[PDB]
Amino acid sequence: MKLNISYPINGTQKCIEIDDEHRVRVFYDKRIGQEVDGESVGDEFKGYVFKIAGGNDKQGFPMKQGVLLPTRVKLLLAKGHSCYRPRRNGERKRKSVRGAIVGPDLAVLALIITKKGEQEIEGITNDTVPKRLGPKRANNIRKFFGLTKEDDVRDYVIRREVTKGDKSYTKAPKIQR
Amino acid sequence: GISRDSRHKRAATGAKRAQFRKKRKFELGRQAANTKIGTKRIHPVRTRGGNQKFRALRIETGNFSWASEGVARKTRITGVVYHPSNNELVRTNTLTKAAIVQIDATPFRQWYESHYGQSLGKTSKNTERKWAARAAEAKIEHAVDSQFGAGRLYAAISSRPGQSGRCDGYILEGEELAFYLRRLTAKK
Amino acid sequence: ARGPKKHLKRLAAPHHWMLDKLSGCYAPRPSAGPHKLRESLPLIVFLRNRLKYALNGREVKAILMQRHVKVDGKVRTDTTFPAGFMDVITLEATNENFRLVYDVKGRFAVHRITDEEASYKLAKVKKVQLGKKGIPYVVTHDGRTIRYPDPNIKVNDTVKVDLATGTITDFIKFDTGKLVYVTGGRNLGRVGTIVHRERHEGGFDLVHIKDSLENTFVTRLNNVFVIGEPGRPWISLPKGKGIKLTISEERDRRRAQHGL
RNA sequence: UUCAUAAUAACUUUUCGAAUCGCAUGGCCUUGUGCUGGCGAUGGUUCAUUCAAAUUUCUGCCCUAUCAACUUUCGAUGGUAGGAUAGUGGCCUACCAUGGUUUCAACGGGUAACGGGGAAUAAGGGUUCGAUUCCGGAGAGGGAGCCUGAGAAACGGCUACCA
RNA sequence: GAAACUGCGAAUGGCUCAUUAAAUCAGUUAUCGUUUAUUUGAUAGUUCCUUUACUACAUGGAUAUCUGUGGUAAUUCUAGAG
Ligand SMILES: [Mg+2]
Ligand SMILES: [Mg+2]
Ligand SMILES: [Mg+2]
Ligand SMILES: [Mg+2]
Ligand SMILES: [Mg+2]
Ligand SMILES: [Mg+2]
Ligand SMILES: [Mg+2]
Ligand SMILES: [Mg+2]
Ligand SMILES: [Mg+2]
Ligand SMILES: [Mg+2]
Ligand SMILES: [Mg+2]
Ligand SMILES: [Mg+2]
Ligand SMILES: [Mg+2]
Ligand SMILES: [Mg+2]
Ligand SMILES: [Mg+2]
Ligand SMILES: [Mg+2]
């Protein structure tokens, strides 16, 4: 089934389709938050290791963390919980949700890749996706720079330049606090 | 869901009032606190108009006051010995208002010792002159000395742990104690 | 109703706003403020209807927003502000000043009143209490809480707020033989002198009032507002001074004072 | 009035006591980013006031006795203490007392009954109507349960059963 | 100036008369028996705790929006990553 792999440090991710019945066999009976070695999931996944963080059932129902069940269940979700977003304040809703134990009923497995392996993936182990915007708060910018705080963090704010086609103009965030 | 409205009650005459205006939210009643002893665990409940209320189940220590010389001290509640409403709470050690409890009684003891120093149960010149000016007025009655020798004070709680969250009360003293000890001797 | 009510249908509006029963389904509900909505007067009613300076709601909104209205020395940019009895409405444009006093028919009449006296306001004392840390304070009918009042100022009394600093300037003590105004019931707008104040142990004080024309009536003490000493009112009384001429006398006034 | 308020002793899984925005950015010279400094906007504890909300006293309701006794073990009337309540209150619990209404019609039954301001009718007295332009109450298919808030037992908010 | 977070209203208004015969309601009282966003008027030095060593010229981390990967036949369904 579909596997959504995401490498955080490179900030990259990809989707992988697997049809073999035995590569996914190790994913069976493994709950969210566990670690599975990449040797048993693919001969091109040597050295890799996979944290399992969420997924989607064949019916589209995602799996909630901490359900410890290989089946679906109807739960009364509210604000703070995942698998649900409230429209009105305090709007509890009873919705179906897949359990946290991975079984054959899953359709997508969301997988963090934790340890860099031997054979590099195409654009995940190799490429890096830049962060779309930097820090905004003054001390946050200082920490991101290691700026020896009494150093006039005013100027060191990042500045993104965009060209309208005729005029090149700068846009930089306003510093809070 | 526990209502406290008067509609469900029969009329003064005795007629069975027909159902009308399904019960509201400004008529609600919540579960009893039925507090216990030990491992302080107070749960806030958001009541009408904010005004955080505090359920005080499992409460072990609280403030207690002495009326004669009028001094208050934090001290431990050690079990309940009598309840004027239901002895079932006494057997279950459920602590509500007006219940009668026992007190570790030490803080009162060395407060007395540093205040009068009469050595119950059996220095700087300023303190000596204070004691001399006192001139042994601490002629506090005999039964309180009796349970001071015993070590556990007899107190009646006055705060409402169900609402306030505190565990405050006052020691039995004077004819108060008298009355209740008779009742206790009735239990004995 | 579950909660507060925020709509005032036109027929349910007080008959002293005396709007047109047609040309509208609703009426301006006064927002919360210094006066009871049954007793108060919204600014939109005072401008659109009483003064006709505006024409409709948008015009009143534009008038209030640009800070030309000043209620008791403050701007009050909200459309339905409850400008109540004895409040002062200042318009720097046309440099005009109004004080809301009932005309004897019992209505919030347009009273054009001078700038010099417009600096201050009068108020009835509704409570005298002791707030925290032992500070005495006085609550007037506007809801103004004046701190540190004169020690012998009592309830039902009257006082003269300077309306600039908002402190105590002078006061008049409630007692017999004193010029007085009426602020409710059948005797709206009437002005007289207190002849007697029967105590009525247990509640609802009553006072007897005799006006200049030597007519006599009786009114509840909650309904009473001392306004000064006989012959020397502390404010500028409206035209007619609230004598309550009889309907036949009003007809005779129409017949006599008549020129076309 | 045990009221307002003040005071002492203590208590708190210690609430609040501005790390928030706009405009104008003046004055002092300690001539520096230095010292101060106006008009507002949002907040914020408490006490008032207002919009209110809950209860609450007296009196007033259509037909019917082919409805004369009704209510209490399961609260019926009262007492006390506690719990809950925002708060009084059998509102609920524990233990007691055996009480409360009734021929001045209680209780039960019926209402093709929402109550009222009012409408028709008109010598005077009245008879009938009032679902609906205003004020109240209740309801969102019938039932129960609840989060959020100051305010809902909300339903153009949710939970469950029944249809 | 979209979007989203925040704040506020969504409990007003509108409709219907099904239930309800001391029930609602009307007139008249009471709250010294209580909650009250808002509006309006006032309202606080002590947050130090042994003060002879602290950020007050400003303390911390998430988090939506967004960038990208999906799932379901579909619903104001949203899980993973930055
Ligand atoms: Mg309505
Ligand atoms: Mg007091
Ligand atoms: Mg009681
Ligand atoms: Mg009917
Ligand atoms: Mg009707
Ligand atoms: Mg009718
Ligand atoms: Mg009908
Ligand atoms: Mg209506
Ligand atoms: Mg409803
Ligand atoms: Mg229908
Ligand atoms: Mg709100
Ligand atoms: Mg409902
Ligand atoms: Mg609808
Ligand atoms: Mg609705
Ligand atoms: Mg909803
Ligand atoms: Mg009946």
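## A short note on the overall build of chain A
Here is step 1 of the chain: Secondary structure assignment for chain A yields 1 helix and 9 strands.
Here is step 2 of the chain: Along chain A, from the amino end to the carboxyl end, the secondary structure elements read β-β-β-β-β-β-β-α-β-β.
Here is step 3 of the chain: For chain A, whose C-alpha radius of gyration is 22 Å, the value lies well above the compact-globule estimate of 16 Å for 177 residues.
Here is step 4 of the chain: For the C-alpha atoms alone, the extent of chain A along its principal axes is close to 55 × 50 × 40 Å.
Here is step 5 of the chain: Counting all 177 residues of chain A, 28% fall into the buried class.
Here is step 6 of the chain: Approximately 12,500 Å² of chain A is accessible, and the part contributed by carbon and sulfur atoms is 50%.
Here is step 7 of the chain: Computed over 38 positive and 23 negative side-chain charges, the inter-centroid distance for chain A is 14 Å.

## Topic: the protein's contact with RNA strand D
Here is step 1 of the chain: Within the structure, RNA strand D sits among 82 residues, and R92(A), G1(B), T47(B), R160(B) and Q163(B) are positioned closest to it.
Here is step 2 of the chain: Put simply, 79% of the atoms of RNA strand D that lie within 4 Å of the protein are in sugar or phosphate.
Here is step 3 of the chain: Between a phosphate oxygen of RNA strand D and a main-chain N or O atom of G1(B), the distance comes to 2.3 Å.
Here is step 4 of the chain: At 3.2 Å from a phosphate oxygen of RNA strand D is found a side-chain nitrogen or oxygen belonging to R29(C).
Here is step 5 of the chain: For the surface near RNA strand D, the secondary-structure elements that each account for two or more residues are strand 2 (28–29), strand 3 (43–47), strand 4 (50–55) and strand 6 (71–82) of chain B together with strand 8 (121–131) and strand 9 (135–140) of chain C.
Here is step 6 of the chain: Split by residue class, the surface near RNA strand D holds 21 nonpolar, 28 polar and 33 charged.

## Describing the sheet that holds strand 14 (residues 191–198) of chain C
All names here are of chain C.
Here is step 1 of the chain: Spatial ordering of the open sheet is given by 16-15-14-13-17-18, a layout of 6 strands whose pairing is antiparallel. The strands lining the two open edges of the sheet, one partner per strand, are strand 16 (216–220) and strand 18 (232–233).
Here is step 2 of the chain: Here strand 13 (residues 179–182) runs beside strand 14; their pairing, made up of 3 bridges, is antiparallel. Paired with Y181 across the bridge in strand 14 is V191.

## Observations regarding the side chain of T158(C)
Residue and element names in this part refer to chain C.
Here is step 1 of the chain: Its location among the elements puts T158 in strand 11 (residues 158–161).
Here is step 2 of the chain: On the basis of relative accessibility, which here comes to 2%, the residue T158 falls in the buried class.
Here is step 3 of the chain: Within the local environment of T158, its side chain forms a polar contact with the backbone oxygen of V226, the two atoms lying 3.4 Å apart.
Here is step 4 of the chain: The contacts of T158, once residues within four sequence positions are left out, are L122, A123, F171, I172, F225 and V226.

## Thoughts on the packing of helix 1 (residues 43–51) of chain C against helix 2 (residues 57–65) of chain C
Residues and elements named next belong to chain C.
Here is step 1 of the chain: At a minimum axis separation of 10 Å, helix 1 and helix 2 run at an interaxial angle of 115°. In terms of crossing hand, the pair formed by helix 1 and helix 2 is right-handed. Along the contact surface, helix 1 presents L43, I44, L47 and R48, while helix 2 presents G57, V60, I63 and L64.
Here is step 2 of the chain: A per-class count over the contact of helix 1 with helix 2 returns 6 nonpolar, 1 polar and 1 charged.

## Some details on the pairing of strand 11 of chain C
Residue and element names in this part refer to chain C.
Here is step 1 of the chain: Pairing of strand 8 with strand 11 involves 4 bridges; the strand directions are antiparallel. Within strand 11, the position partnered with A123 by the bridge is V159.
Here is step 2 of the chain: Bridge count for strand 11 against strand 12 (residues 168–172) is 4 bridges, and the pairing is antiparallel. From the neighbouring strand, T158 faces strand 12, where its bridge partner is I172.
Here is step 3 of the chain: The turn joining strand 11 and strand 12, which pair antiparallel and follow one another in sequence, is formed by 6 residues; a positive phi near 65° is taken by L163.

## Focus: a nonpolar patch on the surface
Here is step 1 of the chain: Together, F144(A), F145(A) and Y156(A) make up an exposed nonpolar region whose accessible area comes to about 340 Å².
Here is step 2 of the chain: Examined against the element boundaries, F144(A) turns out to sit in helix 1 (residues 138–145).

## Considering the arrangement of the chains
Here is step 1 of the chain: Separated without contact, chain A and chain C have their nearest C-alpha atoms at a distance of 18 Å.
Here is step 2 of the chain: You won't find any contact between chain B and chain C; their C-alpha atoms come no closer than 10 Å.

## Thoughts on the nonpolar core
All names here are of chain C.
Here is step 1 of the chain: Ranked by internal contacts, the top residues of the largest apolar core, which has 38 residues, are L43, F46, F85, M86, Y181, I227 and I235.
Here is step 2 of the chain: Put simply, the parts of the chain that give this core at least two residues each are helix 1, helix 2, strand 3 (69–71), strand 4 (88–91), strand 6 (101–103), strand 13 and strand 17 (224–229).
Here is step 3 of the chain: Of the residues forming this core, the biggest block, 6 residues, is contributed by helix 1.
Here is step 4 of the chain: Dropping the residues within four chain positions of it, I227 is found in contact with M86, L122, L179, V180, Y181, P233, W234 and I235.

## Examining the packing of aromatic side chains
Here is step 1 of the chain: Per the stated rule, a full pass over the model turns up 14 aromatic pairs over all chains.
Here is step 2 of the chain: Ring geometry for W66(B) and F108(B): centres 5.8 Å apart, planes at 80°, overall edge-to-face. Here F108(B) lies in helix 2 (residues 106–115) and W66(B) lies in strand 5 (residues 61–66), a separation of 42 residues in the sequence. Summarising the burial analysis for this pair, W66(B) and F108(B) share the class buried.
Here is step 3 of the chain: In this structure an aromatic cluster arises from ring pairing among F85(C), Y102(C), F108(C), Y181(C) and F225(C).
Here is step 4 of the chain: One cation-aromatic arrangement involves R220(C) over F204(C); the distance from NZ or CZ to the ring centre is 3.9 Å.

## Let's talk about the pattern of salt bridges
Here is step 1 of the chain: Scanning the entire structure with this criterion turns up 20 salt bridges over all chains.
Here is step 2 of the chain: Its salt-bridge partner being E39(A), residue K46(A) comes within 3.1 Å of it at the nearest N-O pair.
Here is step 3 of the chain: Assessed through its relative accessible area of 17%, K46(A) is described here as buried.
Here is step 4 of the chain: Residue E39(A) is classed as partly exposed on the basis of its relative accessible area of 36%.
Here is step 5 of the chain: If you follow the salt bridges from partner to partner, you end up with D72(C), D87(C), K121(C) and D142(C) in one network.

Conventions we followed
Residues numbered from 1 in each chain as written, not as in the entry; some residues may be left out. Chains lettered and ligands numbered in written order. Part of a larger assembly, values for the part shown. Heavy atoms only, no water. Residues with missing side-chain atoms left out of burial classes, pairs and counts. Helix = DSSP H or I, 4+ residues; strand = E, 2+ residues; numbered from the N terminus. Rg over C-alpha atoms; globule rule 2.2 N^0.38 Å. Buried < 20%, exposed > 50% of the residue type's maximum accessible area, 1.4 Å probe, protein only. Areas by Shrake-Rupley, 256 points an atom, 1.4 Å probe, with all protein chains shown as cover. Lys, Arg positive; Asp, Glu negative; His and termini not counted. Charge placed at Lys NZ, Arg CZ, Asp CG, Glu CD. Near = heavy atom within 4 Å. Polar contact = N/O pair within 3.5 Å; in protein donor to acceptor, adjacent residues only side chain to side chain. Nonpolar A, V, L, I, M, F, W, Y, C, P; charged D, E, K, R; others polar. Pairing = 2+ DSSP bridges. Contact = heavy atoms within 4.5 Å. Axes fitted to C-alpha atoms, helices over the stretch in contact; angles between N-to-C directions. Left-handed = near helix turned anticlockwise from the far one by under 90°. Patch = residues over 30% accessible without salt bridge, like charges linked within 9 Å, V, L, I, M, F, W, Y side chains within 5 Å. Salt bridge = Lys/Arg side-chain N within 4 Å of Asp/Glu carboxyl O. Core = buried A, V, L, I, M, F, W, Y, C linked by side-chain atoms within 4.5 Å. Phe/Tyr/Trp six-rings, centres within 6.5 Å; stacked < 30°, edge-to-face > 60°. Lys NZ or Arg CZ within 6 Å of the ring centre and 35° of its normal.

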